[PDB]
>>> print(open('structure-v2.cif').read())   # mmCIF, C-alpha atoms
data_coords
loop_
_atom_site.group_PDB
_atom_site.id
_atom_site.type_symbol
_atom_site.label_atom_id
_atom_site.label_comp_id
_atom_site.auth_asym_id
_atom_site.auth_seq_id
_atom_site.Cartn_x
_atom_site.Cartn_y
_atom_site.Cartn_z
ATOM 1 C CA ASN Y 165 -16.152 5.142 13.569
ATOM 2 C CA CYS Y 166 -14.015 5.941 10.531
ATOM 3 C CA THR Y 167 -10.242 5.604 10.845
ATOM 4 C CA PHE Y 168 -8.874 7.389 7.748
ATOM 5 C CA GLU Y 169 -10.247 10.829 6.846
ATOM 6 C CA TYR Y 170 -8.006 12.340 4.169
ATOM 7 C CA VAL Y 171 -9.236 15.495 2.421
ATOM 8 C CA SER Y 172 -8.587 15.474 -1.322
ATOM 9 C CA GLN Y 173 -9.222 17.534 -4.417
ATOM 10 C CA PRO Y 174 -11.834 16.236 -6.894
ATOM 11 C CA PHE Y 175 -10.418 13.458 -9.050
ATOM 12 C CA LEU Y 176 -12.081 14.884 -12.181
ATOM 13 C CA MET Y 177 -10.002 18.040 -12.467
ATOM 14 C CA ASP Y 178 -10.332 17.959 -16.269
ATOM 15 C CA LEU Y 179 -13.346 19.904 -17.530
ATOM 16 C CA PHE Y 186 -11.317 15.138 -24.563
ATOM 17 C CA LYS Y 187 -12.639 12.143 -22.618
ATOM 18 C CA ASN Y 188 -10.516 12.329 -19.363
ATOM 19 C CA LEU Y 189 -9.811 8.595 -19.100
ATOM 20 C CA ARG Y 190 -9.091 7.744 -15.461
ATOM 21 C CA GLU Y 191 -6.786 4.812 -14.692
ATOM 22 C CA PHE Y 192 -6.431 3.176 -11.274
ATOM 23 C CA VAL Y 193 -4.391 0.296 -9.857
ATOM 24 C CA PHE Y 194 -5.227 -1.300 -6.499
ATOM 25 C CA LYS Y 195 -3.177 -4.046 -4.865
ATOM 26 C CA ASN Y 196 -2.701 -5.652 -1.452
ATOM 27 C CA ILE Y 197 0.841 -6.353 -0.227
ATOM 28 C CA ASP Y 198 1.637 -7.671 3.335
ATOM 29 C CA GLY Y 199 -1.139 -5.743 5.079
ATOM 30 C CA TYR Y 200 -0.660 -2.456 3.217
ATOM 31 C CA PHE Y 201 -3.054 -1.102 0.588
ATOM 32 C CA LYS Y 202 -1.507 0.674 -2.412
ATOM 33 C CA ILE Y 203 -3.419 2.887 -4.866
ATOM 34 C CA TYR Y 204 -2.071 4.333 -8.130
ATOM 35 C CA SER Y 205 -3.688 6.909 -10.394
ATOM 36 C CA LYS Y 206 -3.386 8.733 -13.722
ATOM 37 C CA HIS Y 207 -5.558 11.290 -15.529
ATOM 38 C CA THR Y 208 -4.388 11.290 -19.139
ATOM 39 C CA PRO Y 209 -6.826 12.701 -21.734
ATOM 40 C CA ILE Y 210 -7.732 10.717 -24.835
ATOM 41 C CA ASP Y 215 -11.757 1.565 -26.733
ATOM 42 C CA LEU Y 216 -8.439 1.767 -24.905
ATOM 43 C CA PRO Y 217 -5.875 3.893 -26.788
ATOM 44 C CA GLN Y 218 -2.271 3.196 -27.736
ATOM 45 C CA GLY Y 219 0.895 4.658 -26.253
ATOM 46 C CA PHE Y 220 2.181 4.711 -22.697
ATOM 47 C CA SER Y 221 1.095 6.644 -19.613
ATOM 48 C CA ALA Y 222 2.791 5.734 -16.337
ATOM 49 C CA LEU Y 223 0.649 5.746 -13.197
ATOM 50 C CA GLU Y 224 1.862 7.897 -10.297
ATOM 51 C CA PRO Y 225 1.808 6.681 -6.659
ATOM 52 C CA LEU Y 226 0.788 10.123 -5.339
ATOM 53 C CA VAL Y 227 -2.436 8.723 -3.849
ATOM 54 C CA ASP Y 228 -2.193 6.383 -0.854
ATOM 55 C CA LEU Y 229 -5.288 5.366 1.152
ATOM 56 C CA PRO Y 230 -4.339 2.279 3.190
ATOM 57 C CA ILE Y 231 -6.887 -0.027 4.828
ATOM 58 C CA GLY Y 232 -4.791 -3.153 5.470
ATOM 59 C CA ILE Y 233 -7.034 -6.056 6.501
ATOM 60 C CA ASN Y 234 -7.940 -8.459 3.592
ATOM 61 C CA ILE Y 235 -9.536 -8.053 0.145
ATOM 62 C CA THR Y 236 -10.870 -10.896 -1.997
ATOM 63 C CA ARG Y 237 -13.980 -9.268 -3.546
ATOM 64 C CA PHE Y 238 -14.911 -5.751 -4.620
ATOM 65 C CA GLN Y 239 -17.706 -3.822 -6.312
ATOM 66 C CA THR Y 240 -17.851 -0.352 -7.848
ATOM 67 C CA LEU Y 241 -20.186 2.002 -5.997
ATOM 68 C CA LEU Y 242 -22.465 4.058 -8.243
ATOM 69 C CA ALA Y 243 -24.695 7.069 -7.648
ATOM 70 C CA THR P 549 30.947 13.313 1.593
ATOM 71 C CA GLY P 550 30.745 15.591 -1.419
ATOM 72 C CA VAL P 551 29.963 19.006 -2.865
ATOM 73 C CA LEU P 552 26.373 20.243 -3.201
ATOM 74 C CA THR P 553 25.247 22.174 -6.281
ATOM 75 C CA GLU P 554 21.893 23.623 -7.334
ATOM 76 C CA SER P 555 20.202 21.185 -9.700
ATOM 77 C CA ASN P 556 18.036 21.580 -12.791
ATOM 78 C CA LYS P 557 16.633 18.049 -12.420
ATOM 79 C CA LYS P 558 12.848 17.853 -12.818
ATOM 80 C CA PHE P 559 11.849 15.799 -9.794
ATOM 81 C CA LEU P 560 8.309 14.510 -9.556
ATOM 82 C CA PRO P 561 6.479 15.718 -6.406
ATOM 83 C CA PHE P 562 6.537 12.188 -4.925
ATOM 84 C CA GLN P 563 10.293 11.727 -5.530
ATOM 85 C CA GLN P 564 12.843 12.837 -2.918
ATOM 86 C CA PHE P 565 15.861 10.737 -3.921
ATOM 87 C CA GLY P 566 18.001 10.168 -6.977
ATOM 88 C CA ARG P 567 20.119 7.117 -7.760
ATOM 89 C CA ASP P 568 23.056 6.423 -10.054
ATOM 90 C CA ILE P 569 23.756 3.448 -12.352
ATOM 91 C CA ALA P 570 25.716 1.880 -9.464
ATOM 92 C CA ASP P 571 22.762 2.723 -7.123
ATOM 93 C CA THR P 572 24.451 5.407 -5.057
ATOM 94 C CA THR P 573 22.765 8.699 -4.226
ATOM 95 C CA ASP P 574 23.112 11.274 -7.018
ATOM 96 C CA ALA P 575 20.621 13.972 -5.967
ATOM 97 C CA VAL P 576 18.751 14.682 -2.737
ATOM 98 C CA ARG P 577 15.837 16.913 -1.747
ATOM 99 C CA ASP P 578 16.390 19.257 1.193
ATOM 100 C CA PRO P 579 13.788 18.492 3.896
ATOM 101 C CA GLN P 580 13.458 22.040 5.232
ATOM 102 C CA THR P 581 13.083 24.003 1.983
ATOM 103 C CA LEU P 582 11.835 22.093 -1.064
ATOM 104 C CA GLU P 583 14.822 22.405 -3.391
ATOM 105 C CA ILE P 584 16.883 19.840 -5.298
ATOM 106 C CA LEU P 585 20.641 19.538 -4.749
ATOM 107 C CA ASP P 586 23.096 17.524 -6.817
ATOM 108 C CA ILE P 587 25.712 15.415 -5.038
ATOM 109 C CA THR P 588 29.186 15.235 -6.586
ATOM 110 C CA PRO P 589 32.257 13.735 -4.867
ATOM 111 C CA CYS P 590 35.150 16.046 -4.069
ATOM 112 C CA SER P 591 38.127 16.320 -6.401
ATOM 113 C CA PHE P 592 40.547 13.401 -6.555
ATOM 114 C CA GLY P 593 43.040 11.722 -8.856
ATOM 115 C CA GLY P 594 46.167 9.621 -9.077
ATOM 116 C CA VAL P 595 49.694 10.807 -8.301
ATOM 117 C CA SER P 596 52.721 9.509 -10.215
ATOM 118 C CA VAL P 597 56.367 10.033 -9.244
ATOM 119 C CA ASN O 450 -9.391 -12.118 29.821
ATOM 120 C CA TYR O 451 -6.777 -13.046 27.187
ATOM 121 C CA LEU O 452 -7.677 -15.282 24.237
ATOM 122 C CA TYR O 453 -5.874 -17.051 21.400
ATOM 123 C CA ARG O 454 -6.892 -18.886 18.232
ATOM 124 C CA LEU O 455 -6.229 -22.590 17.652
ATOM 125 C CA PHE O 456 -7.937 -23.564 14.383
ATOM 126 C CA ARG O 457 -8.111 -21.743 11.052
ATOM 127 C CA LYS O 458 -8.867 -22.808 7.477
ATOM 128 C CA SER O 459 -5.481 -21.540 6.245
ATOM 129 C CA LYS O 460 -2.397 -19.633 7.379
ATOM 130 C CA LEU O 461 -2.085 -15.881 7.943
ATOM 131 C CA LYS O 462 -0.483 -13.236 5.774
ATOM 132 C CA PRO O 463 1.969 -10.915 7.584
ATOM 133 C CA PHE O 464 0.376 -8.111 9.650
ATOM 134 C CA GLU O 465 -3.162 -9.506 9.377
ATOM 135 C CA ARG O 466 -5.772 -9.399 12.149
ATOM 136 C CA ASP O 467 -8.751 -11.733 12.603
ATOM 137 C CA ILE O 468 -11.755 -10.704 14.693
ATOM 138 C CA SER O 469 -14.630 -12.969 13.565
ATOM 139 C CA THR O 470 -15.323 -15.969 15.818
ATOM 140 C CA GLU O 471 -16.956 -18.647 13.664
ATOM 141 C CA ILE O 472 -17.355 -22.272 14.711
ATOM 142 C CA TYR O 473 -14.592 -24.407 13.219
ATOM 143 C CA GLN O 474 -15.509 -27.371 11.004
ATOM 144 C CA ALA O 475 -12.929 -30.167 11.197
ATOM 145 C CA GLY O 476 -14.836 -32.702 9.086
ATOM 146 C CA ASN O 477 -17.597 -33.393 6.570
ATOM 147 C CA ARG O 478 -20.370 -32.771 9.115
ATOM 148 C CA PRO O 479 -21.649 -29.163 9.018
ATOM 149 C CA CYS O 480 -21.716 -27.129 12.227
ATOM 150 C CA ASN O 481 -24.254 -24.322 11.499
ATOM 151 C CA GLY O 482 -23.479 -22.592 14.791
ATOM 152 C CA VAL O 483 -23.718 -25.782 16.881
ATOM 153 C CA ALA O 484 -20.661 -26.876 18.878
ATOM 154 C CA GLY O 485 -20.967 -30.586 18.188
ATOM 155 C CA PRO O 486 -18.431 -33.405 18.481
ATOM 156 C CA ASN O 487 -16.531 -32.329 15.340
ATOM 157 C CA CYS O 488 -17.153 -28.594 15.904
ATOM 158 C CA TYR O 489 -14.903 -26.681 18.307
ATOM 159 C CA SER O 490 -14.810 -23.104 19.529
ATOM 160 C CA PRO O 491 -11.900 -21.234 17.883
ATOM 161 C CA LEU O 492 -10.919 -19.256 21.006
ATOM 162 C CA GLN O 493 -9.554 -20.805 24.201
ATOM 163 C CA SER O 494 -8.627 -18.699 27.215
ATOM 164 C CA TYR O 495 -5.147 -18.526 28.687
ATOM 165 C CA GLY O 496 -4.888 -20.170 32.074
ATOM 166 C CA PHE O 497 -2.744 -17.895 34.245
ATOM 167 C CA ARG O 498 -1.801 -18.698 37.842
#
>>> encode(input="structure-v2.cif", output="structure tokens")
Amino acid sequence: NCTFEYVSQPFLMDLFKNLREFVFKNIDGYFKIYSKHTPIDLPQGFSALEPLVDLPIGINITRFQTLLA
Amino acid sequence: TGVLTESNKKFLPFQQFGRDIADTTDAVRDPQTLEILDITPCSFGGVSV
Amino acid sequence: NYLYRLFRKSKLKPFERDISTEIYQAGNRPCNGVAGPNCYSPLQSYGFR
């Protein structure tokens, strides 16, 4: 019943604390995801997040919860 | 309209365009083979008599 | 066969789709799934002749 079935590499390519950063937003029925995998409390400096990931769902989001396993 | 030259610009893998200060196209990525080409207008100038 | 929506709690964002058919509440009296005098069905059929 799934609609989007992208095949990706593992997001933890780094094997240092490998701080992952993500940005999710909803604009006019189009989901946008940003990502960065800089290695390093939150540190100083700048690290721009690349739009290379894109997994759209496009219905409505007002609540969310992190899945854990 | 212009002349195409091989570019040493370090494009990110998600970037296929390049803009100028006046927001005209400066560099373009070829869609067939993944290479970066500069765009420069052809030679011009003023003529005085 | 064709339906359309009449009542909604707010407006719609661009390119948004609504599938859930809940009973509309137009006043201070709760509906709780009962189509009462102040509770209306959100979908009315097109009449085509």
>>> atom_distance(input="structure-v2.cif", atom1="CA of residue 577 in chain P", atom2="CA of residue 590 in chain P")
19.5 Å
>>> resolve_selection(input="structure-v2.cif", expression="the PyMOL selection byres ((chain Y and resi 190) around 12)", output="compact mmCIF listing (two decimals) with C-alpha atoms, keeping the file's coordinate frame")
# COMPACT_ATOMS: atom_id res chain seq x y z
CA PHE Y 175 -10.42 13.46 -9.05
CA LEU Y 176 -12.08 14.88 -12.18
CA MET Y 177 -10.00 18.04 -12.47
CA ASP Y 178 -10.33 17.96 -16.27
CA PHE Y 186 -11.32 15.14 -24.56
CA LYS Y 187 -12.64 12.14 -22.62
CA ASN Y 188 -10.52 12.33 -19.36
CA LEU Y 189 -9.81 8.60 -19.10
CA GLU Y 191 -6.79 4.81 -14.69
CA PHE Y 192 -6.43 3.18 -11.27
CA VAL Y 193 -4.39 0.30 -9.86
CA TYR Y 204 -2.07 4.33 -8.13
CA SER Y 205 -3.69 6.91 -10.39
CA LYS Y 206 -3.39 8.73 -13.72
CA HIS Y 207 -5.56 11.29 -15.53
CA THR Y 208 -4.39 11.29 -19.14
CA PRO Y 209 -6.83 12.70 -21.73
CA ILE Y 210 -7.73 10.72 -24.84
CA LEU Y 216 -8.44 1.77 -24.90
CA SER Y 221 1.10 6.64 -19.61
CA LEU Y 223 0.65 5.75 -13.20
>>> interface_residues(input="structure-v2.cif", of="chain O", to="chain Y", cutoff="6 Å", atoms="all atoms listed in the file", output="list in words")
residues 463, 464 and 465 of chain O
>>> closest_atom_pairs(input="structure-v2.cif", of="chain Y", to="range 550-561 of chain P", cutoff="12 Å", atoms="all atoms listed in the file", output="CSV")
residue,atom,partner,partner_atom,distance
Y:224,CA,P:560,CA,9.3
Y:225,CA,P:561,CA,10.2
Y:226,CA,P:561,CA,8.1
Y:227,CA,P:561,CA,11.6
>>> resolve_selection(input="structure-v2.cif", expression="the PyMOL selection byres ((chain O and resi 471-474) around 6)", output="list in words")
residues 470, 475, 476, 488, 489 and 490 of chain O
>>> write_last_selection(input="structure-v2.cif", atoms="C-alpha atoms", output="PDB file, keeping the file's coordinate frame")
ATOM      1  CA  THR O 470     -15.323 -15.969  15.818  1.00  0.00           C
ATOM      2  CA  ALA O 475     -12.929 -30.167  11.197  1.00  0.00           C
ATOM      3  CA  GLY O 476     -14.836 -32.702   9.086  1.00  0.00           C
ATOM      4  CA  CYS O 488     -17.153 -28.594  15.904  1.00  0.00           C
ATOM      5  CA  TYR O 489     -14.903 -26.681  18.307  1.00  0.00           C
ATOM      6  CA  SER O 490     -14.810 -23.104  19.529  1.00  0.00           C
TER       7      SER O 490
END
>>> atom_distance(input="structure-v2.cif", atom1="CA of residue 483 in chain O", atom2="CA of residue 467 in chain O")
21.0 Å
>>> atom_distance(input="structure-v2.cif", atom1="CA of residue 174 in chain Y", atom2="CA of residue 202 in chain Y")
19.2 Å
>>> closest_residue(input="structure-v2.cif", among="Y:196, Y:218, Y:167, Y:173", to="residue 236 in chain Y", atoms="all atoms listed in the file")
Y:196
>>> axis_aligned_box(input="structure-v2.cif", around="range 466-473 of chain O", padding_each_side="5 Å", output="JSON")
{"center_x": -11.6, "center_y": -16.9, "center_z": 14.0, "size_x": 21.6, "size_y": 25.0, "size_z": 13.7}
>>> resolve_selection(input="structure-v2.cif", expression="the PyMOL selection byres ((chain Y and resi 170) around 12)", output="PyMOL selection string")
chain Y and resi 166-169+171-173+227-230
>>> residues_near_point(input="structure-v2.cif", point="(-7.9, -19.2, 19.7)", cutoff="8 Å", atoms="only C-alpha atoms", output="list in words")
residues 452, 453, 454, 455, 456, 490, 491, 492, 493 and 494 of chain O
>>> decode(input="structure-v2.cif", residues="chain O", atoms="C-alpha atoms", output="mmCIF file, in the first residue's frame")
data_model
loop_
_atom_site.group_PDB
_atom_site.id
_atom_site.type_symbol
_atom_site.label_atom_id
_atom_site.label_comp_id
_atom_site.auth_asym_id
_atom_site.auth_seq_id
_atom_site.Cartn_x
_atom_site.Cartn_y
_atom_site.Cartn_z
ATOM 1 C CA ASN O 450 -21.615 9.028 -7.685
ATOM 2 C CA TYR O 451 -19.876 12.424 -7.401
ATOM 3 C CA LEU O 452 -19.607 14.212 -4.049
ATOM 4 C CA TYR O 453 -18.492 17.606 -2.757
ATOM 5 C CA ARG O 454 -17.821 19.153 0.648
ATOM 6 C CA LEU O 455 -19.848 22.045 2.070
ATOM 7 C CA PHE O 456 -18.663 22.626 5.650
ATOM 8 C CA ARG O 457 -15.157 22.661 7.113
ATOM 9 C CA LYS O 458 -13.615 24.088 10.287
ATOM 10 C CA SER O 459 -11.140 26.204 8.289
ATOM 11 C CA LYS O 460 -9.911 26.843 4.751
ATOM 12 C CA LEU O 461 -7.623 24.623 2.671
ATOM 13 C CA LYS O 462 -3.947 24.998 1.889
ATOM 14 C CA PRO O 463 -3.033 24.689 -1.818
ATOM 15 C CA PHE O 464 -2.854 21.116 -3.187
ATOM 16 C CA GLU O 465 -4.419 19.528 -0.094
ATOM 17 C CA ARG O 466 -6.821 16.573 -0.134
ATOM 18 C CA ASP O 467 -9.412 15.671 2.512
ATOM 19 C CA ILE O 468 -10.795 12.141 2.788
ATOM 20 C CA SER O 469 -12.231 11.861 6.327
ATOM 21 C CA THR O 470 -16.011 12.313 6.594
ATOM 22 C CA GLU O 471 -16.755 13.546 10.116
ATOM 23 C CA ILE O 472 -20.077 15.029 11.195
ATOM 24 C CA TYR O 473 -19.925 18.823 11.154
ATOM 25 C CA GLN O 474 -20.669 20.758 14.353
ATOM 26 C CA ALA O 475 -22.170 24.187 13.646
ATOM 27 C CA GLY O 476 -22.906 25.124 17.266
ATOM 28 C CA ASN O 477 -22.274 24.507 20.961
ATOM 29 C CA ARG O 478 -24.200 21.214 20.962
ATOM 30 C CA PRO O 479 -21.912 18.193 20.413
ATOM 31 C CA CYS O 480 -22.713 15.739 17.624
ATOM 32 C CA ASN O 481 -20.828 12.533 18.633
ATOM 33 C CA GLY O 482 -21.710 10.828 15.355
ATOM 34 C CA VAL O 483 -25.409 11.778 15.498
ATOM 35 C CA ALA O 484 -26.859 13.861 12.655
ATOM 36 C CA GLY O 485 -29.030 16.108 14.794
ATOM 37 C CA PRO O 486 -30.625 19.482 14.064
ATOM 38 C CA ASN O 487 -27.306 21.365 14.328
ATOM 39 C CA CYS O 488 -25.238 18.490 12.875
ATOM 40 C CA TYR O 489 -25.058 18.058 9.097
ATOM 41 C CA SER O 490 -23.391 15.541 6.821
ATOM 42 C CA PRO O 491 -20.322 17.114 5.155
ATOM 43 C CA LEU O 492 -20.870 15.472 1.744
ATOM 44 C CA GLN O 493 -23.831 16.175 -0.537
ATOM 45 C CA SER O 494 -24.229 14.460 -3.895
ATOM 46 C CA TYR O 495 -24.346 16.285 -7.205
ATOM 47 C CA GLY O 496 -27.750 16.186 -8.832
ATOM 48 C CA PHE O 497 -27.183 15.550 -12.542
ATOM 49 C CA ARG O 498 -29.995 15.359 -15.097
#
